[PDB]
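The chain below stands alone and is given as structure tokens, in the form deposited without the named molecule.
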């Protein structure tokens, strides 16, 4: 069976399971079950399923080199799929809540969940809670007797937490740290002293890399009972690097990809985000250019946005991006090499992960 069709089939299985359990154990009625089915579909489906399919890919790699009964191959693949959906539903929780936080309008060329007419923020915050709660519901159902259950739950737990810490780093990235204070409305930074590569790295590492790259990789290892074919510190380092690169591309697209292609109208500039463009700009601009940036960034006025975009366009950020990209290639290739010492197979799964990121 092709991997994607397996993975989509398991979605239907997991859906049915969750909704049947709501009827048998949680006294749900058919209309609320329908609302939840629609919510689940709308918020979990329609992306590329990169994250969830990485779990399946890493497990397939191990199957090709490990002796097992057919029923065991099927069970490992089923578990990789359930695990992959846990990550997809975790992502869905965070997109639902982040869209509400940020006042976002669209996602993937469709309205954000909370904007649907019969949803509203009042419901959608709770729908996002439910999303994450289903990850747990899946795990304990499907993995109840499995030897990797504790390590999977503890891993998932840590990644969830890291992610919520990363959101905190993201939404606060335009304020001066020394002024953070629940009692005082937060001004935007005027110095931009905190728009540094290391601060940017920290945001990205926590907000994106743990759930996008670390968790799918390590979940493939866990459902394959293969965590001893790797040096876990290498897996972390390679996840953090590739995840960085992913986010750099996302930041560039926010500013420069046409909205019809991007699936939304990018607002990083108006939102005063600590983006790769802003940090890279401030790391090379002259005094006059920095002063123009400060007078225009983080403002809704389209004239001011156009000025920041112009400043980026003239600062030859393509050169910095090339150089960055070239360095990420060296470093990711070096980690891949390292990973071969203990597992050629795992090393190749990582190379696929890198190719899919590096080309897209």
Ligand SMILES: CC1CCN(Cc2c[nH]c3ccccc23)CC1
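Numbering follows the first chain given and starts at 1.
Averaged over Cα atoms, the B-factor as recorded in the entry is higher for 275 to 283 than for the other of 152 to 160 and 275 to 283. Comparing 182 to 190 with 264 to 272, the higher mean C-alpha B-factor in the PDB entry belongs to 264 to 272.
In the deposited coordinates, the residue among 126, 135, 208, 249 with the greatest CA B-factor is 249. Taking the deposited Cα B-factors for 31, 313, 66, 42, the highest one is held by 313. Per-chain ranking of the deposited C-alpha B factor places residue 52 in the lowest third. When the modelled residues of the chain are ordered by their C-alpha B factor, residue 143 lands in the middle third. Annotation for residue 99: C-alpha temperature factor in the lowest third relative to the rest of the modelled chain, per the entry. Looking at the C-alpha B-factors along this chain, the one for residue 233 belongs to the middle third. Residue 336: CA B factor lies in the middle third for its chain, per the PDB record.
The same protein also has a form deposited with the named molecule bound, omitted here; what follows describes it.
Though the partner is left out of this view, residue 289 does not reach within 4.5 Å of the named molecule in the bound PDB entry, counting heavy atoms only. By the criterion of a heavy atom within 4.5 Å, residue 136 is excluded from the residues contacting the named molecule in the bound PDB entry. Remark: residue 246 counts among the residues lining the named molecule in the bound PDB entry, judged by a heavy atom distance of 4.5 Å or less. Although the partner is absent here, residue 238 lies well away from the named molecule in the bound PDB entry, with no heavy atom inside 4.5 Å.
Scanning 73 to 94 for heavy atoms within 4.5 Å of the named molecule in the bound PDB entry gives 91, 94 in sequence order.
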